[PDB]
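Examining the three-dimensional arrangement
Chain residues, written in single-letter form:
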Amino acid sequence: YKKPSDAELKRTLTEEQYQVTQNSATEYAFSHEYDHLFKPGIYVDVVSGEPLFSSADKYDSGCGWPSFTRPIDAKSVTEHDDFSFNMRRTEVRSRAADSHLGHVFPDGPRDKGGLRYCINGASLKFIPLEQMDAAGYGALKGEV
Ligand SMILES: C[As](C)(=O)[O-]
């Protein structure tokens with residue numbers, strides 16, 4: 001899982017996908033299809049295809065963006081202090097392509113770890129269970 005050149009990205013990603021993953025922009029709350037999508041499968045980095053979240057950990061937090069209790073693999077994402085626009089939050093970015101994904105907060109389901117990963121649907125690509133094998137993610141079916 002690798003990240004193409006900035007120049008190549010400009011010609012493959014939509015304006016929205018590019019602004020969110022490359023410039024850390026934020027999609028309008030409740031605007032993405034993935035917000036209310038709850039079907040079996042996984043969500044991968046729109047840029048590199050790296051698996052990031054599983055349908056197994058997706059839940060309704062009412063925050064406005066796809067929400068998960070944890071990443072599909074602890075190593076899949078990286079955390080960063082975000083002192084953007086007068087406040088302190090923890091930014092979440094993908095490991096391989098370093099795409100801006102969203103933020104994580106300490107107010108998630110307590111029995112699931114207590115974390116809430118709020119992610120832009122524009123930074124993801126959903127792979128339904130029925131297509132995971134063909135897509136090359138067969139080994140991850142155990143995570144749904
Ligand atoms: C707008 As957000 C999904 O980075 O808390």
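**Examining the overall build of the protein chain**
- On a plain count of helices and strands, the protein chain comes out with three helices and nine strands.
- Listing the helices and strands of the protein chain from first to last along the sequence gives α-α-β-β-β-β-β-β-β-β-β-α.
- Whereas a compact globule of 144 residues would reach a radius of gyration of roughly 15 Å, the protein chain reaches 14 Å, a difference of no more than 12%.
- Across the 144 residues of the protein chain, 49% fall into the buried class.
- Carbon and sulfur atoms make up 51% of the accessible area of the protein chain, which totals about 7,700 Å².
- Across the protein chain, the 17 positively charged side chains and the 22 negatively charged ones have centroids separated by 3 Å.

**Some thoughts on the environment of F105**
- Within the secondary structure layout, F105 lies in strand β7 (residues 100–105).
- Separated by twelve residues in sequence, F105 and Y117 have C-alpha atoms that sit 6.5 Å apart.
- When neighbours within four sequence positions are excluded, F105 is seen to be in contact with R89, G114, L115, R116 and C118.

**Some words on the pairing of strand β9 (residues 124–128)**
- For β9, a buried count of four out of five residues is recorded, marking the element as mostly surrounded by other parts of the structure.
- As defined by bridge partners, strand β1 (residues 41–45) adjoins β9 across five bridges and the pair is classed as antiparallel. Along β9, the bridge assignment pairs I42 with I127.

**So, the site of the ligand**
- The full set of residues close to the ligand is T26, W65, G102, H103, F105 and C118.
- The side chain of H103 places a nitrogen or oxygen atom 2.5 Å from an oxygen atom of the ligand.
- The element that contributes the greatest number of residues to the shell around the ligand is β7, accounting for three residues.
- A class-by-class count of the residues in the shell around the ligand yields three nonpolar, three polar and no charged.

**Things to note about the side chain of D35**
- Relative to the elements of secondary structure, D35 occurs in the loop between α2 (15–23) and β1.
- In this structure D35 is buried but unpaired, with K58 as the nearest side chain of opposite charge at 5.9 Å.
- Among the polar contacts listed, one links the side chain of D35 to the side chain of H36, at a separation of 3.2 Å.

Quick notes on the rules
Residues numbered from 1 in each chain as written, not as in the entry; some residues may be left out. Heavy atoms only, no water. Helix = DSSP H or I, 4+ residues; strand = E, 2+ residues; numbered from the N terminus. Rg over C-alpha atoms; globule rule 2.2 N^0.38 Å. Buried < 20%, exposed > 50% of the residue type's maximum accessible area, 1.4 Å probe, protein only. Areas by Shrake-Rupley, 256 points an atom, 1.4 Å probe, with all protein chains shown as cover. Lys, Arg positive; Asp, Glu negative; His and termini not counted. Charge placed at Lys NZ, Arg CZ, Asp CG, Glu CD. Contact = heavy atoms within 4.5 Å. Pairing = 2+ DSSP bridges. Near = heavy atom within 4 Å. Polar contact = N/O pair within 3.5 Å; in protein donor to acceptor, adjacent residues only side chain to side chain. Nonpolar A, V, L, I, M, F, W, Y, C, P; charged D, E, K, R; others polar. Salt bridge = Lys/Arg side-chain N within 4 Å of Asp/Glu carboxyl O.

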